[PDB]
Each structure stands twice: as C-alpha cells, then as structure tokens.
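Observations on the three-dimensional arrangement
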Amino acid sequence: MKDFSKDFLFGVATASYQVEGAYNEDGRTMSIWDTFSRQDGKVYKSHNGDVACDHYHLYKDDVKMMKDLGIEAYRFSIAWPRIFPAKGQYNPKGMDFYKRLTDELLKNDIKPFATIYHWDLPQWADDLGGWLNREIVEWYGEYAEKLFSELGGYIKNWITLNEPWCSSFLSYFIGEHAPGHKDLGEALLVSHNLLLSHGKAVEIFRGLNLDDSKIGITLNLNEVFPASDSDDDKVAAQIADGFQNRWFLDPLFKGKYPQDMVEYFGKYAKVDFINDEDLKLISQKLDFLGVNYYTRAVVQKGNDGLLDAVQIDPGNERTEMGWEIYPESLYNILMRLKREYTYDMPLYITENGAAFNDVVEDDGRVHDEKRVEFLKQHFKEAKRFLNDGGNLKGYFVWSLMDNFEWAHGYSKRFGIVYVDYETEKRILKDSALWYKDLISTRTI
Ligand code: NA
Ligand code: NA
Ligand code: NA
C-alpha cells in the first residue's frame, strides 16, 4: 500500500516578508519588520526583506519548481500591508498579487493554505498601538473579511495566525522580534488580543458559510523534559511547558487560560484581561490545528527568578540554530494533542525543517545530507503517528527555499531549495530531490 495516502498533503511553507521582496511596490507600505530591521542591532548585519528571494516577481518560476517536485499543497502568508497599506484603505493591486499567485498554484494542482497573519503588521497599525490596542481586533477582522470575500474562490484552507507565542512573548517580552518590547505585562495582553483577533476571524468565517472551506490556527509547540526527577526540575518543566504550549492550547481548546500560569504570571504582571466573553470567542470550534515543530527543551530549575530555567545541553546532535534534533517529540506532541486537546480533530504539521551550513559545491549541487536525514527521521514519526490512529492530514516542510530568517537575517538557511541571493538563482538541494521521491513513492 502507501505509507501516506493519496489524499495526504505533502507541502512546503513560506511567509510573505521572508520571501517576497518588492517591499515598496504596487502600493505596499512598511510593516513592523521593515521598521525593526532598520533599527541598529536588531537584525543580523542589518539584513532586511527589501528584496529577499524576490518571490513577488519570480512566483511563476517558483510554482513551476514546486510542480516539478510534485508538491501537493503550499502554505504561504498574505501581507496585510499590501492589502490595507493605510487604515481603511483597500489596495486592489495588493490583492491582485495573491489572486495571480493562487491562480498559478491551482492551475498547477497545488492546494493553497493561506496564513492571514505571519508577523508583518502594518506600521500604521503599530503606530496606533498595535497588538496592545484592543481595537486591532476590528482592524484584523476587517482585513480577514476582505480576504475571505475576495479570495474565497481561490483558497479553501485558512490559518488565522502563525505562532502567536512569537508575536507576543518573543516580540514584547524577550524583545528579539518586532516591535521588540521587553515587558511581561505587554506580552500577556498582546497574547490575549492575538487570540481574540483569531476569534473574530473565525466568527466572520462561520457567518460567511463558504463552501468546502476550513479554518484553523498555527502554534509552535515543543516538548519539555525535566533535567532530573527532582521536584525542583518538575516545577521548572511545568512552567516552561505552560509558557510555550499550554498558554495557547488551553484558551483555544479548553476555553480557559492554564490556572497555574495565571497565578505564576500574576506574581509579576497584571492578568486582568481575562474574562468569560473573550474566552468564548477565543475558543470557537476550529476545523484543524496546525503544528509547527522543531525541537524539545531539557530544563532544570534556575534562580527562582522570572522564567529563568537553565537550558540543559543533553549532548546530542543539533542544527545551526543550536536546536537539538529530537524527532520523537514530533510523535509525542501529536499524541499529546490527540489525548489532551484536539482528540479526533484533523492536524497538520504546518512547519518542520532545519537550518544547516549549506554550500554549493564545485559540481553545482548542495549535498545537504544532514537535512535529508533530519526530514527522513521526522517523516518516519509522522508515519508512526498515522499508523497509531492519529488524524494527520498533511505535512509542510519549512521551507521551500532559503529566506530571511527574522533576527538572523539571511544567515540561517532552512530551504530544501538553495537561493543564491546575488543572482536569485534557485538550486535544488539533495533534500528537495529526496522529498520529490517521497511524494512520488509515498514510501519511507
Ligand atoms: Na520581503
Ligand atoms: Na536594514
Ligand atoms: Na477547536
């Protein structure tokens, strides 16, 4: 038979600011990431996404490249600053790009999966307070409603937000991502307004009753292991798990923030944004959950400070991000969702992949055998989850191509296709050739 059914979706994923370029063309105005990458010290070597992979101009070649690999589904994001470059000011020229992109996908038998928000908030919205201003729920709803109405005939699979943990905690508490604040109370409120905005889009979507169309959200999830069996490390792992995973899983799928984290965060910041009406909107039923999985964490108790767990190096192989290669946690997280949160609801892996030190050798090839083995190990866990009764509907490799990796700039390469940025040439890596064979044979 087939390890992966004919209906299982083998996909690849990108995001608008990471690949498109054309940052000032056809009416697009700045996003928070255009602004952030221009602030000294925020992004590696002051890299930015002015040009990136030039996918805005090269999309037809890129779709042909996906067709020739046999890609069945393509996850991309839609740039809010192209669609509403000013508050309340719709830009048809921006919408026209996503129509010609998705028309090209459909004509090449590739199913579009569209992420509505993948971090490129319009600068005009941030200047009005951004995700800290509860009015953003209405601005985001207007934006999502316009996408559903204009693109509903092109796109049948919608993702409201990508990785709200990054847009809240990494952007407003840790400060690594745009807009780069460092205040726990802000990050908590932002996390709530993100989830409420997701809820507004789901409410709008259900009211439109679009035929054969599905909506979900994408979360980056990990698995947290205590470094030892001590009570100290058990509490440390519980906090780390609540910080990364349960803070978003619980309001979405239980209609309640995790009470141990509410009490823990409440010692350090306000948690008064919580109320019944908002949690009802936040927890509306979804059609699927998208899982972004990369690695686990092994943690031991720190200094009893705020979120200060010591990161333990268990001595195993890692990527160029420093992330442990630990494929069993993909299976463990999918099973955890099946047993604790999503039950029989469809799951997609909406990102999994790895950054390695890729070089084009004298033969013109990129022999990225570490990425081949990485993807092989993780697709084997996906197969094991399926064979154990898990409802996995597809798997999107991060990424189709090397691109702008946020605060790391272009210094981390995640593609199965190599991009020579000087010429914008695409070179299939050995991982792409391996993936092409997996899709064709459906055997691993
Ligand atoms: Na860009
Ligand atoms: Na810059
Ligand atoms: Na749901």
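Residues numbered from 1 in each chain as written, not as in the entry; some residues may be left out. Chains lettered and ligands numbered in written order. Heavy atoms only, no water.

The deposited coordinates derive from X-ray crystallography, with the record listing a resolution of 1.61 Å.

With respect to the overall build of the protein chain
A count of helical and extended segments in the protein chain gives 15 helices and 13 strands. For the protein chain, the C-alpha radius of gyration of 21 Å lies close to 22 Å, the compact-globule estimate for 444 residues. With the C-alpha coordinates of the protein chain rotated into their principal frame, the extents come out at 55 × 50 × 45 Å. Looking at the protein chain as a whole, 59% of its 444 residues qualify as buried. When contacts within the protein chain are restricted to residue pairs at least 6 apart in sequence, those whose partners lie at least 24 apart make up 76%. Of the roughly 17400 Å² of accessible surface on the protein chain, 46% is carried by carbon and sulfur atoms. (Helix = DSSP H or I, 4+ residues; strand = E, 2+ residues; numbered from the N terminus. Rg over C-alpha atoms; globule rule 2.2 N^0.38 Å. Buried < 20%, exposed > 50% of the residue type's maximum accessible area, 1.4 Å probe, protein only. Contact = heavy atoms within 4.5 Å. Areas by Shrake-Rupley, 256 points an atom, 1.4 Å probe, with all protein chains shown as cover.)

Here we look at the sheet that holds strand β8 (residues 297–300)
What the three strands build is an open sheet, ordered β6-β8-β9; its pairing is mixed. Each having just a single partner strand, β6 (224–226) and β9 (310–311) make up the two edges of the open sheet. Relative to the sheet, helix α10 (residues 231–254) contacts β6 and β8, its axis offset from that of β6 by approximately 170°. (Pairing = 2+ DSSP bridges. Axes fitted to C-alpha atoms, helices over the stretch in contact; angles between N-to-C directions.)

Observations concerning the packing of helix α9 (residues 184–208) against α10
The contact between α9 and α10 brings their axes to 11 Å, and the two run at 35°. Our pair here, α9 against α10, has a crossing hand that is right-handed. Only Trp247, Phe248, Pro251 and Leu252 of α10 make contact with α9, whose side of the interface consists of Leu188, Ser191, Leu195 and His198. Its residues placed into classes, the contact of α9 with α10 shows six nonpolar, two polar and no charged. (Left-handed = near helix turned anticlockwise from the far one by under 90°. Nonpolar A, V, L, I, M, F, W, Y, C, P; charged D, E, K, R; others polar.)

Examining the packing of aromatic side chains
As enumerated under the stated definition, the model contains 56 aromatic pairs in all. Between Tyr294 and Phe414, the aromatic rings sit 6.2 Å apart at their centres with planes inclined by 80°, giving edge-to-face as the arrangement. Remark: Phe414 occurs in the loop between β11 (392–398) and β12 (417–420) and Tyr294 occurs in the loop between β7 (288–292) and β8; sequence separation between them is 120 residues. Look at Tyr294 and you get buried, because its relative accessible area is 12%. Ring geometry for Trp323 versus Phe414: centroids 6.2 Å apart, planes at 45°, classification tilted. Here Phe414 lies in the loop between β11 and β12 and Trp323 lies in the loop between β9 and α13 (328–340), a separation of 91 residues in the sequence. When its relative accessible area of 3% is taken as the criterion, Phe414 is described as buried. By way of ring pairs, the aromatic residues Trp165, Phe169, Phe243, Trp247, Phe248, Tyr257, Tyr264, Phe265, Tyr268 and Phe273 are connected into one cluster. The positively charged end of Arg296 is found above the aromatic ring belonging to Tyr326, 3.8 Å away from the centroid. Stacked on the ring of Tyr331, the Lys or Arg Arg384 has its end atom at 3.7 Å from the ring centre. (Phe/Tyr/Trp six-rings, centres within 6.5 Å; stacked < 30°, edge-to-face > 60°. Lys NZ or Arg CZ within 6 Å of the ring centre and 35° of its normal.)

Overview of the sheet that holds strand β4 (residues 157–162)
Sheet strands pair via backbone hydrogen bonds, and the direction of the pair is either parallel or antiparallel. Strand order in this closed barrel of eight strands is β1-β2-β3-β4-β5-β7-β10-β11, and the pairing throughout is parallel. Across the sheet, the axes of successive neighbouring strands diverge by a mean angle of 25°, strand direction being ignored. This element, helix α14 (residues 369–387), spans β1 (9–13), β10 (347–352) and β11 of the sheet and lies at about 170° to β11.

Describing the pattern of salt bridges
What the rule picks out here adds up to 32 salt bridges. Residues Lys67 and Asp68 are paired through a salt bridge, measuring 3.0 Å at the closest nitrogen-oxygen approach. By relative accessible area, which is 37% here, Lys67 ends up partly exposed. Judged by relative accessible area, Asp68 falls into the partly exposed class, the value being 39%. For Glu203, the salt bridge is made with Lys200, and the minimal N-O distance between the two is 3.2 Å. (Salt bridge = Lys/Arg side-chain N within 4 Å of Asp/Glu carboxyl O.)

Brief notes about the nonpolar core
By size, the foremost hydrophobic cluster in this structure holds 132 residues, and its most contacted members are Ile78, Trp80, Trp158, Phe169 and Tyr435. If you tally residues by element for this core, the top one is α9, at eleven residues. In contact with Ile78, not counting residues within four places along its chain, are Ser16, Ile83, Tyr98, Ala114, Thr115, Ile116, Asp120, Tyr143, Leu147, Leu151, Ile155 and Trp158. Judged by nonpolar contacts, the second largest core, of 14 residues, contains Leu9, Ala73, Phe113 and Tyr294. (Core = buried A, V, L, I, M, F, W, Y, C linked by side-chain atoms within 4.5 Å.)

Considering the coordination of the sodium ion (ligand 1)
Donor atoms from the polypeptide that bind the sodium ion (ligand 1) are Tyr17 (O), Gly21 (N) and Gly49 (O), placed at 2.7 to 2.9 Å. Given the relative accessible area of 2%, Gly49 is considered buried. (Donors = N, O, S within 2.8 Å, 3.2 Å for Na, K, Ca; no water.)

Regarding the pairing of strand β13 (residues 425–428)
Every regular strand shows the same layout, with side chains that alternate between the two sheet faces. Where β12 lies against β13, four bridges are found, and the strand directions are antiparallel. Note on β13: the bridge partner recorded for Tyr418 is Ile427. Adjacent in sequence and paired antiparallel, β12 and β13 are bridged by four residues, among which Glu424 carries a positive phi angle near 60°.

A closer look at helix α5 (residues 92–107)
Look at α5: 22 Å from first C-alpha to last across 16 residues, which is about the 22 Å you get at 1.5 Å a residue. Within α5, the full set of buried residues consists of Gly94, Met95, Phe97, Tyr98, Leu101, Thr102, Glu104 and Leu105. Phi for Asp109, located one or two positions after α5, is positive at around 60°. (Expected span 1.5 Å × (residues − 1).)

What to know about the side chain of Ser37
Turning to its location among the elements, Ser37 is positioned in helix α2 (residues 32–37). In terms of polar contacts, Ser37 uses its side chain to reach the backbone carbonyl oxygen of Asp34, at 3.1 Å. Contacts of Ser37, omitting those with residues within four sequence positions, involve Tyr17, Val43, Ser46, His47 and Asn48. (Polar contact = N/O pair within 3.5 Å; in protein donor to acceptor, adjacent residues only side chain to side chain.)

Side note on the UniProt feature "active site" (unreviewed entry) in the protein chain
Residues given the UniProt feature "active site" (unreviewed entry) here are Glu163 and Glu351. The greatest C-alpha distance among the residues just named is 10.4 Å, despite their covering 189 residues of sequence, which places them together in space. Within the secondary structure, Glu163 is located in the loop between β4 and α8 (164–172). The class of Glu163 is buried, set by a relative accessible area of 7%. Sequence-distant contacts of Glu163, that is, excluding residues within four places in its chain, are made with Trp119, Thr218, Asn220, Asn292, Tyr294 and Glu351. By secondary structure assignment, the location of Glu351 is in strand β10. The exposure class assigned to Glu351 is buried, which follows from its relative accessible area of 4%. When sequence neighbours within four positions are dropped, the list of residues in contact with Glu351 reads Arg75, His118, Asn162, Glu163, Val291, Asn292, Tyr293, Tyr294, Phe396 and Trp398. (UniProt positions renumbered as here; feature names shortened; annotations may be inferred.)

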